[PDB]
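Reading the structure
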Amino acid sequence: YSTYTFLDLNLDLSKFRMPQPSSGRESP
Amino acid sequence: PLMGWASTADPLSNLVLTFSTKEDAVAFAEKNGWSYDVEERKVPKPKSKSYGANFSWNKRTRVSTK
Amino acid sequence: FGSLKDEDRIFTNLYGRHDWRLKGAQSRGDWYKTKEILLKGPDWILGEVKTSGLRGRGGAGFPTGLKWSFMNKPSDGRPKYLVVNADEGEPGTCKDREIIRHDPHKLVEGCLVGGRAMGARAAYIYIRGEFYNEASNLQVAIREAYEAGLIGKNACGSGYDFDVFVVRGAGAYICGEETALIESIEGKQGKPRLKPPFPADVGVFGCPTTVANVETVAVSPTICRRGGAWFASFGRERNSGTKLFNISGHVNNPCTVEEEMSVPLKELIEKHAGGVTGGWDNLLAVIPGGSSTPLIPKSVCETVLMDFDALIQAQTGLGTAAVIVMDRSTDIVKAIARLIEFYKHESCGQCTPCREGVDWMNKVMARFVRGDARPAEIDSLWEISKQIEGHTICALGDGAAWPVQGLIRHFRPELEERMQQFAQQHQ
Amino acid sequence: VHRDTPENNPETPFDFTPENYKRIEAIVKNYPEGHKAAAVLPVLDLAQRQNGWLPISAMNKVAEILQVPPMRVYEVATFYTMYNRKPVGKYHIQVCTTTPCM
Ligand SMILES: Cc1cc2nc3c(=O)[nH]c(=O)nc-3n(C[C@H](O)[C@H](O)[C@H](O)COP(=O)(O)O)c2cc1C
Ligand code: SF4
């Protein structure tokens, strides 16, 4: 229904609330 | 200097005998009595190759678009 | 199998559909008892599904109960993930996307309650991006609950909780295999790996993963919530459960219904609701699998119950859980080519048997249908199909021939007479 | 259709809206570090969205963001279907034709 605008979907609640990430390294 | 066939002397020039081994190789140079030389056989390293090491967490060998 | 059914009550494994789509307390069914489950030792859940022993909905055998209590028993250095197909590869499947569309609150639980068995770390799902609207909403469904504090990182009551990261594809078949999906979750081109590296639970993202399916992880919480002794209800001592069928291509009202195993196709097709084509004299030429099973004629299929191993009794079984039939006007030879013309476009193309081996058929199938040069070909075209089996990596080849392998079986003449129909015509 | 480009828009040019550089913080946030290296599937497609079909300078751009040699992109855009390499219309419509749909 919103053709563009994945933004807040991706960047609003997800951006702050996707902790940590640690995710490590893999420098390589 | 008529055609360009490369004519030649050196009447041996084309012989390849085939022996089965070294111990029996030099056997035929002495017995017919001319000088010679030797090379050595070669075979590869062992070696170690494993697919499935190509997807790796911290390893530096990790292929893409194989 | 008891009474030769497979009935449908309001007692089923799926809670609701038209009642409440949005979030809440899971007003009645869901999110009921949790802290008691997870607080007990994890392997209590493992093998507690064995009371059911779900074969799995991934289009195959190999009961889901084993592979989770299978390796991924230990743990050492590296995290474990969950990758659960949401995708549909088979034409006419449609079973998926109905689970997600009106009731997402189930599966986010299905992982959390499920993932604890794996001892996993994170949760990935995967969805064909070709569904833009319905798939877009899961994030809300994630948020509308997850935001309340239902998941992560302790939620709830345990020291173990972790969230779910949606992703998307584009032109995928990739769910056509595990050991492909875990590759295109990564961002390479998707050419599925060799099957035995280290099979799919060793070689993985960086580290061991397990590839589940939708209603394999969907129905697990409710079958560990109650279970029994009702976990095994219908079906013989071998296959047990109640799965979903979605009828398509001739009916009165083709639509899904929850139906238990061992249901005969002659009452099931006619029911839910009508048979609207000829219930008979429409010749009822049927396809058990979606694309993975060849035809059956009017023979014992109609009395043949839909139990898995009951179908292996016939020349082909089906794990896909879908139905497509025909009546009269549809010319099968005409209607099976656009099942093959499909395969040619969905194949990876690594292997020499699959690539360059499917076209050899697809290029000739437009001879028979059109009607064209002489028989004795049929005898060869069978051998080609007999010649791609152990020769391809993935199942798409083993799922490439069966439609043609089982067309040459069960219909001899329809071809033989048509090659004449153009033969007499040429004259 | 053909899969070679006759030097259309090597420098189109193209760029992302500064509203979009704050999401790409979130995407990479998904994955673990050091393997990140492909978020390409959303990130390359988000670029289709900002534009509506991605020219060859779109394929070269993300490489400068993702530091992968840009034959590790031109590949991925020629495999899948959803991406449209050539230009399109305002509505790109589909008719499902398959055994059931037939
Ligand atoms: C052409 C093709 C399409 C497939 N499509 C799907 C699919 O859409 N969804 C899915 O879960 N598996 C699909 N698979 C099969 C995968 O093997 C399966 O998802 C995987 O084995 C996970 O099985 P499990 O989770 O039930 O154990 C497909 C296989 C093929 C050959
Ligand atoms: S069949 Fe051969 S080519 Fe087609 S996908 Fe499976 S592996 Fe790749």
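Counting its secondary structure elements, chain B contains one helix and zero strands. Its C-alpha atoms give chain B a radius of gyration of 25 Å, more than 25% over the compact-globule value 11 Å for 66 residues. If one aligns the C-alpha atoms of chain B with their principal axes, the spans along those axes are about 65 × 45 × 15 Å.

For the rest of this paragraph, the subject is the interface of chain C and chain B. The figure often quoted for interface size is the accessible area lost as the parts come together. Of the residues lining the interface, nine residues belong to chain C; the matching set on chain B comes to seven residues. Its residues assigned to classes, the side of chain C that touches chain B shows three nonpolar, two polar and four charged.

Attention now goes to the side chain of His35 of chain D. Inspection of the secondary structure assignment puts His35 of chain D in the loop between α1 (24–30) and α2 (40–51). Polar contacts involving the side chain of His35 of chain D include one to the main-chain carbonyl oxygen of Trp57 of chain B, which spans 2.4 Å. Of the polar contacts made by the side chain of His35 of chain D, one reaches the side chain of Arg62 of chain B; its length is 3.4 Å. Here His35 of chain D is in contact with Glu26 of chain A, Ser56, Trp57 and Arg62 of chain B together with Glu186 of chain C, once residues within four sequence places are set aside.

What follows concerns the sheet that holds strand β2 (residues 123–126) of chain C. Residue and element names in this part refer to chain C. Pairing is parallel in the open sheet, where four strands are placed in the order β3-β2-β1-β4. Edge positions in the sheet fall to β3 (164–165) and β4 (209–212), since each has one partner strand and no second. Pairing between strand β1 (residues 81–85) and β4: four bridges, direction parallel. Bridged to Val84 within β4 is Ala212.

Quick look at the sheet that holds strand β7 (residues 323–324) of chain C now. A sheet is described by the order of its strands in space; here three strands give the open sequence β6-β5-β7 (chain C), paired in mixed fashion. Looking at the sheet topology across the chains shown, the edges are occupied by β6 (256–260) and β7 of chain C.

The subject of this paragraph is the domain arrangement of chain C. All names here are of chain C. According to the domain assignment, chain C contains domain 1 (48–226), domain 2 (242–326) and domain 3 (332–426). Computed over C-alpha atoms, the centres of domain 2 and domain 3 are 24 Å apart. Facing eight residues of domain 2, the contacting portion of domain 3 comprises 10 residues.

In this section: the packing of aromatic side chains. To describe a pair of aromatic rings, one takes the distance between the centres and the angle between the planes. Considering the side-chain rings of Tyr51 of chain B and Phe55 of chain B, the 6.4 Å spacing of their centres and the 80 degrees angle between planes classify their relative orientation as edge-to-face. Seen from their ring centres, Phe79 of chain D and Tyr80 of chain D are 5.4 Å apart, and the 50 degrees between their planes marks the pair as tilted. Cluster of aromatic residues (ring-pair linked, three or more members): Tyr81, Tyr124, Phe165 and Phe205 of chain C. Positioned above the aromatic ring of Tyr160 of chain C is the side chain of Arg116 of chain C, whose terminal nitrogen or guanidinium carbon lies 4.6 Å from the ring centre.

Residues and elements named next belong to chain D. For the pair helix α3 (residues 56–66) and helix α4 (residues 71–79), the least separation of the axes is 9 Å and the interaxial angle reads 130 degrees. The pairing of α3 with α4 is recorded here as oblique in orientation. Note that α3 runs across α4; the crossing there is right-handed. Side by side, α3 and α4 meet where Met59, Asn60 and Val62 of the first sit next to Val73, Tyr74 and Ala77 of the second. Grouping the amino acids of the contact of α3 with α4 by side-chain chemistry returns five nonpolar, one polar and no charged.

For the rest of this paragraph, the subject is the packing of helix α12 (residues 358–368) of chain C against helix α13 (residues 377–386) of chain C. Residue and element names in this part refer to chain C. For the pair α12 and α13, the least separation of the axes is 11 Å and the interaxial angle reads 155 degrees. If you check the angle between α12 and α13, you find them roughly antiparallel. The crossing of α12 and α13 is left-handed. In this structure, α12 uses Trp360, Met361, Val364, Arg367 and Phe368 to contact α13, whose residues at the interface are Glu377, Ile378, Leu381 and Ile384. When its residues are assigned to classes, the contact of α12 with α13 shows seven nonpolar, no polar and two charged.

For the bond running from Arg25 of chain A to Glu26 of chain A, omega is 5 degrees, close enough to zero to count as cis. By secondary structure assignment, the location of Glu26 of chain A is in the segment after α2 (13–17). Although it is not a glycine, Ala376 of chain C adopts a positive phi angle of roughly 75 degrees. With respect to the element layout, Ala376 of chain C can be found in the loop between α12 and α13. Its identity as a non-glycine residue notwithstanding, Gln67 of chain D has a phi of 45 degrees, on the positive side. Here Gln67 of chain D shows up in the loop between α3 and α4.

Listed as interface residues are 20 residues of chain D and, on the opposing side, 22 residues of chain C. Those elements giving two or more residues to the side of chain D that touches chain C turn out to be α2 and α4 of chain D. Looking at the side of chain D that touches chain C, its residues break down into 12 nonpolar, six polar and two charged.

Our next topic: the pattern of salt bridges. Residue and element names in this part refer to chain C. The closest approach of N and O atoms between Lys5 and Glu7, which form a salt bridge, is 3.7 Å. Ionic pairing is found between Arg238 and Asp309, a salt bridge with its closest N-O pair at 4.0 Å. Residue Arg238 is located in the loop between α8 (220–225) and β5 (242–248), and its partner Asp309 is located in helix α10 (residues 308–313); the two are separated by 71 residues in the primary sequence. Connected via shared salt-bridge partners are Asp87, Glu88 and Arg128.

Cut-off values and rules
- Residues numbered from 1 in each chain as written, not as in the entry; some residues may be left out.
- Chains lettered and ligands numbered in written order.
- Part of a larger assembly, values for the part shown.
- Heavy atoms only, no water.
- Residues with missing side-chain atoms left out of burial classes, pairs and counts.
- Helix = DSSP H or I, 4+ residues; strand = E, 2+ residues; numbered from the N terminus.
- Rg over C-alpha atoms; globule rule 2.2 N^0.38 Å.
- Contact = heavy atoms within 4.5 Å.
- Nonpolar A, V, L, I, M, F, W, Y, C, P; charged D, E, K, R; others polar.
- Polar contact = N/O pair within 3.5 Å; in protein donor to acceptor, adjacent residues only side chain to side chain.
- Pairing = 2+ DSSP bridges.
- Domains from an automatic or database assignment.
- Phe/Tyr/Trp six-rings, centres within 6.5 Å; stacked < 30°, edge-to-face > 60°.
- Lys NZ or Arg CZ within 6 Å of the ring centre and 35° of its normal.
- Axes fitted to C-alpha atoms, helices over the stretch in contact; angles between N-to-C directions.
- Parallel < 35°, antiparallel > 145°, perpendicular 65-115°, else oblique.
- Left-handed = near helix turned anticlockwise from the far one by under 90°.
- Salt bridge = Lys/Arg side-chain N within 4 Å of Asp/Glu carboxyl O.

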